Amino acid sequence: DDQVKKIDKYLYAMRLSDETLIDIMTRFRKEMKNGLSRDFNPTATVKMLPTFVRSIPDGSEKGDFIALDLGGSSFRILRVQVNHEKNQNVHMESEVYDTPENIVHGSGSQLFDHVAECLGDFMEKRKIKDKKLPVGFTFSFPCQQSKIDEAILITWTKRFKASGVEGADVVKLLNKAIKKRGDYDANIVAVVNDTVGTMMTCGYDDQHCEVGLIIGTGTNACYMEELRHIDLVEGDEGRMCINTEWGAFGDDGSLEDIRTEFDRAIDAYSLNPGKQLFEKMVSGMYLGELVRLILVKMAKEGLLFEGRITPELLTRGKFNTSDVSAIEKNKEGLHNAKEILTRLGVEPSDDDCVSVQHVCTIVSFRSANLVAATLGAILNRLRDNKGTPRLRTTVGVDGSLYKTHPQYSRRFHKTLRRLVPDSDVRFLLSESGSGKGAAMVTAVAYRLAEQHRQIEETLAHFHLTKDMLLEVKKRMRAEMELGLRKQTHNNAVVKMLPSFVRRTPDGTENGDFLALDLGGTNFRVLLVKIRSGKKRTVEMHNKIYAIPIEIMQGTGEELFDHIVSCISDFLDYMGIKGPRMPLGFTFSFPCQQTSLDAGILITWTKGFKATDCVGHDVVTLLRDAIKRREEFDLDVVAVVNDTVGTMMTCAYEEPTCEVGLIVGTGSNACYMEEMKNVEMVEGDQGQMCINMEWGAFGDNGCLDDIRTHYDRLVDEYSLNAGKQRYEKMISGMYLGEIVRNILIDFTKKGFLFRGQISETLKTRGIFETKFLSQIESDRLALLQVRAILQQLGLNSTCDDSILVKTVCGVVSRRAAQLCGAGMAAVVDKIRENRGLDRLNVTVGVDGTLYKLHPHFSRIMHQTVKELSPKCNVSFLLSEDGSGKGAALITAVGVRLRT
């Protein structure tokens, strides 16, 4: 009773009561919240690192894997087969590779060259060099990870200290070393901490496993946290394993009231002074050295060995944790103490053996007590997250100390269960090591990498490089020359049609005008009043009229009768009476004009298909319908494309506006060309607005090298197969169908919606301009995208929504770059043609996709700036629609009669 009692008093600060352990537990609860907080994480000692492992195994894992295991007492390489054969969950083979101190303490290159060489040997010996086995890496050090296949070393701990590795992605270092060998290929798909491999190994057997605990060379624990509490990982969805890195608890000085002179001494002379202070009071690397330090002081005070002190006793590292373990054995402990101490150079007495055994007891029991306190905090955290009175959970455990000391796991369990009386906790020893669990992570990581690879290969066909875009620009320019020249105009796909509008507004226009706006989303009738002079004004009124698809695709007589009925209504709606008014007809389809008021429809585009219209003068069609009604008369002065009316609407205020652009249902552009270049119209004086009809660019096969399988499908299923190919890669009627076709393919490949191609997904038109624009909105978090997808009729998850948003973005970004290339061609032609070093030009623009999409206009302006750097283009969105400009055109047309 005496000796032990006195030893108890000497090491009293090491004998922790439950009150102190509850205090430590509470401190650690606070650290865990600091490490998860976005605000305190940069200065949190307990890093709470995201692992990107979102679940314990579910039984679907299967495959043949390689697992590396580095940082614990032994470097192992394993081949793990999982459900690779019936009635064999797992099958493992393993090899330990000697890794001496000069490799662990040398350069990073030398360390990773060592790993790559042992891996080569391992694959060589088993002839698996050509199997393409996905590789998992258990690397037991704190790492910053933004994905499963990255592991940026934060700090070396334990025995390792290789230069050039802290702050580097060890997956890249390892890849580098393997490549340098040139001997074999290795696909490193996942990096995990050993706590995480332990939790996964144990979770394969026990579905309640939510914690992985290591009490070996070093000590650490991981646990399943809720995403809503993990501030540094986006999402509030589900769970994710957190690597606490609890060994650094106390590194800021918060456990200085628990630490003793011995702890300070072992810390000062370690590889990493001041760091991993909690770990140094607990793990196998340090407990025997803590005991040696205590014996040395005691000896110096004559409390042991009659003051005998040998140099062996004084040798750091000479008394290990295995000696502590042997000394604490029930029957042989004292005998083992005798032998061990005898080898120290002393001649220990029997009483010395009893004393030394008690010092081992106190050191190893304080460690067990400390880990019980920190693990108790994680269990209270899990209990709080689950929200129940009692906690049921399984802790997976590994580490030499826990596995080999004759009393530690028993004492740890008992203290743990006493500290957390509300939990029913099972401790499962991880007998297979981290490798099994690492393989389960590797199986899931490999499946997701394969799905990512195929998604990226599909989406890469929509990526356009700057050189490719310069080539599209060049092709547009060449097609513009083809359509303007007499010799080549008839077989040119970009028609470059004269509008007979020869100047922008000169400020003298004035009068009251009617206008029609047909071909976009809304058919409208308008009344426009323009007044010039002191303070010019424009006053406009309009009504929208529906045009059912049966009249858009019925007879020309029916369509024009319908337009005339709407005009009759609008005249009553406005109270218009009196002499017949001048009218400008915005008709957004390609027409061959012989003057401002005559336009023969060349072909239908978008969704129109009315019969007996193509090859007819549409002004004559309108005038015929007015005569059939025999009520009002009208003076149709002009037929205009919507590009041209949009340009004139903008040029009313801007002298630099010489270009019009539509990105709505369809896509097209117009611009002021020199009469000398307009070979199809006699005269070489002045300018003429040209309606490009650029939608048909590509209808001669000139964009076949960038059209995808999905563009081909959209055109093949369209109303005008083979026509308007460029427009079908850009505009609002067609982008949603490109997206829909990509989503169907991904759903069939099992990447989205559980492989379920619903009937909603098979319905054409679902990704309308409104919805595509909503899904990409920056200030719309997950819940709203899913809300939209679910609301359309699709069974979408958070991951589903993210992939849906990505696909939408790839398609709208390519449409905006393609539109940008065509616009870069037009502005450089104007610049180059006027012999200018720089051009300052305004483009009047309109269209629903352009107006509503969150990124299209920005991407498109950026593209034009990069592809035509000597042009400074300003894009001005019409507020008023094509109307103000159609009326301006009509005014000059009346004027030009006189």
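So that there is no doubt, residue numbering starts at 1 and follows the sequence shown.
S.K.: When the Cα temperature factors in the entry are averaged, is it 508-516 or 176-184 that ends up higher?
M.R.: The stretch with the larger mean CA B-factor is 176-184.
S.K.: According to the deposited model, is the average Cα temperature factor higher in 58-66 or in 863-871?
M.R.: The stretch with the larger average C-alpha B-factor is 58-66.
S.K.: Going by the deposited entry, which of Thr415, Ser94, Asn641, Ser349 has the highest CA temperature factor?
M.R.: The record points to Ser349.
S.K.: Using the entry's values, work out which of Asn491, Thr393, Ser73, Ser325 has the largest Cα B factor.
M.R.: In the PDB entry, the greatest C-alpha B-factor among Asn491, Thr393, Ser73, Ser325 is found at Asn491.
S.K.: Within this chain, which third does the Cα B-factor at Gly835 fall in: lowest, middle or highest?
M.R.: Its C-alpha B-factor, which the entry lists for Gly835, ranks in the highest third among residues of this chain.
S.K.: Lowest, middle or highest third of the chain for the C-alpha temperature factor of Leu227?
M.R.: It falls in the middle third of the chain.
S.K.: Which third, lowest, middle or highest, does the C-alpha temperature factor of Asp561 belong to within its own chain?
M.R.: It falls in the middle third of the chain.
S.K.: Taking the entry's C-alpha B-factors for this chain, is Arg383 in the lowest, middle or highest third?
M.R.: Its C-alpha B-factor belongs to the highest third of this chain's values.
S.K.: Give the position of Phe697 by CA B-factor within its chain, expressed as the lowest, middle or highest third.
M.R.: It belongs to the lowest third of the chain when residues are ordered by C-alpha B-factor.
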